[PDB]
Amino acid sequence: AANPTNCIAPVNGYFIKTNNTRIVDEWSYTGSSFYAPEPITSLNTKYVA
Amino acid sequence: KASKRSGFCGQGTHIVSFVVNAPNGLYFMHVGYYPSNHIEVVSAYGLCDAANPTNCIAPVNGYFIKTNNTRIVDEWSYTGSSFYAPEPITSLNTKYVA
Amino acid sequence: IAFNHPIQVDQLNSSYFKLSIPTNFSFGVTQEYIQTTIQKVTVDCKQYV
Amino acid sequence: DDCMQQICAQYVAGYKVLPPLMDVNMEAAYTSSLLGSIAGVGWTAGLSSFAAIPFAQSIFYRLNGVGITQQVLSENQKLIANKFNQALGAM
Amino acid sequence: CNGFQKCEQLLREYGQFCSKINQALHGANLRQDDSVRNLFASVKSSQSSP
């Protein structure tokens, strides 16, 4: 509901469970907050999906 | 693979392309968006503000008709977030970017 | 004679500019075949003659 | 008619020259329409949808895209339009 | 050759080759014309705003 929203951003980042913001060699990383911009809300419940 | 860019496929926007086996060759089935109907709508070239942040064109014109309306579809507003729009320095013809 | 005669927008002296907007999706088009390859054939010279 | 008064291909018969199939005036009309469209097409992200954009504005927007000149620098660099006219004159 | 009956009769024997020459030139011109139409098609649909 808040304007800030998590986004896939580059190659499908912010994965379910542990967030896979890290890509290629690194499996997962804590969200930097500069990694993903705030996208407009998309159809689904509580998720862009 | 993508085209989503300038490409060999032509005469339509390259949303997607399909490849099928053809005798002694390859057959292509690209898909192209067609506008069909065009309606001319007066559009502001950006809007300035007393504050340093100003409305600017980003995906499409910042004001399709008036205020902030951003869409390529018939509906000018289309519930645009306006997050995409950048905030450039104030320009000529103040209170407007124009 | 049925050639040219394209739609023309009118330039605006005012800072606001009239813009043509698409209203119908009209998805779909066809693409030309690119040839790609040619037929292969072998001739038995000194026997066919 | 001029050859009878005196091309000679028809009298030779040999080969017959074939017209291009497109009138020069029709081709000129296409180029003039394209010249109008390019000013509208060359606008930030507006592209084809953007229309009625001034030729001077289109040149400035195109210049900003290919080379990242500052907006203040573009205002500071006066006579750029005159230089564009000089380039047309040089050709 | 035209205007000589004997020359025309010999050219009739080689007529099939002459027919192939005319067909090949006609086909090449039609293919070139289609390419010219394709080029002008992209120019067509442009808007002359000013």
Checklist outcome for this item: Between the residues D:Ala29, C:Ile21, D:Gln86, the Cα farthest towards the positive end of the dipole of the protein assembly as shown, that dipole coming from +1 and -1 charges on the beta-carbon of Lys, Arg, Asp and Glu, is from C:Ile21
Next on the checklist: Compute for the stretch D:36-91: radius of gyration divided by Kirkwood radius, i.e. Rg/Rh, restricted to C-alpha atoms, rounded to two decimals.
Outcome noted: 1.00
Item to check | Scaled radius of gyration (Cα, divided by 2.2 N^0.38 Å) that the protein assembly as shown gives | outcome: 1.48
Item to check | Computed magnitude of the charge dipole of chain D (debye, nearest 20; Cβ of K, R +1, Cβ of D, E -1) | outcome: 440 debye
Item to check | Euclidean distance between Cα centres, chain C to the stretch B:35-98, Å | outcome: 32 Å
Checklist entry - Percent antiparallel among DSSP beta bridges with both residues in the protein assembly as shown, to the nearest 5? => result 90 percent
Next on the checklist: Set the bar at 30 Å for Cα to Cα. Now go through B:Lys4/B:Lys95; A:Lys46/B:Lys66; B:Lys95/D:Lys78; D:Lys78/E:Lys44; B:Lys66/E:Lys44 and name every pair that lies beyond it.
Outcome noted: B:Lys4/B:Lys95; A:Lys46/B:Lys66; D:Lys78/E:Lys44; B:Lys66/E:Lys44
Next on the checklist: I want to verify the translational diffusion coefficient of chain B in µm²/s; compute it with Stokes-Einstein, Rh as the Kirkwood radius over Cα pairs, at 4 °C and 1.567 mPa s.
Outcome noted: 79 µm²/s
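Say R0 is 51 Å: what FRET efficiency, to the nearest 0.05, do A:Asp25 and C:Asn24 get from their beta-carbon distance?
On the way: r = 47 Å, r/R0 = 0.92.
Approximately 0.60, to the nearest 0.05.
Only four residue types carry charge here, +1 at the Cβ of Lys and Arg and -1 at the Cβ of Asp and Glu. Report the dipole size of chain E about the Cα centre in Debye, rounded to the nearest 20. Don't skip to the end; give the middle numbers.
On the way: 6 positive and 4 negative charges, 11 e Å.
With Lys and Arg at +1 and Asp and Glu at -1, about 60 debye.
To the nearest 20 debye, what charge dipole does the protein assembly as shown have about its Cα centre, counting +1 at the Cβ of each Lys and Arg and -1 at the Cβ of each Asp and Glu? Intermediate values should be presented prior to the final figure.
Values: 22 positive and 20 negative charges, 122 e Å.
Computed about the Cα centre, the dipole is about 580 debye.
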Item to check | Cα centroid of chain E to Cα centroid of the stretch D:1-36, whole Å | outcome: 16 Å
Checklist outcome for this item: Mean per-residue count of partner chain Cβ within 10 Å for B:42-49 equals 4
Next on the checklist: Can you compute the label reach from E:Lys44? Point 7 Å from Cα along the Cβ direction, backbone N cut-off under 19 Å, restricted to the stretch B:22-49.
Outcome noted: B:32-38
Checklist outcome for this item: Plugging the Cβ-Cβ distance of D:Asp1 and E:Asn2 into 1/(1 + (r/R0)^6) at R0 = 25 Å yields, to the nearest 0.05, a FRET efficiency of 0.60
Checklist outcome for this item: Straight-line reach check, E:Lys20, cutoff 19 Å on alpha carbons, 8 or more apart in-chain or any other chain, hits among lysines -> D:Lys16
Checklist outcome for this item: Of the residues B:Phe8, B:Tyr45, D:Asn64, the Cα lying farthest along the dipole of the protein assembly as shown towards its positive end, which is defined by charges on the beta carbon of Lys, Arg, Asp and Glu, belongs to B:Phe8
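Coordinate-derived values only; no laboratory data. All Cβ positions, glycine included, derive from the backbone under ideal geometry; neighbour counts span all protein chains shown.
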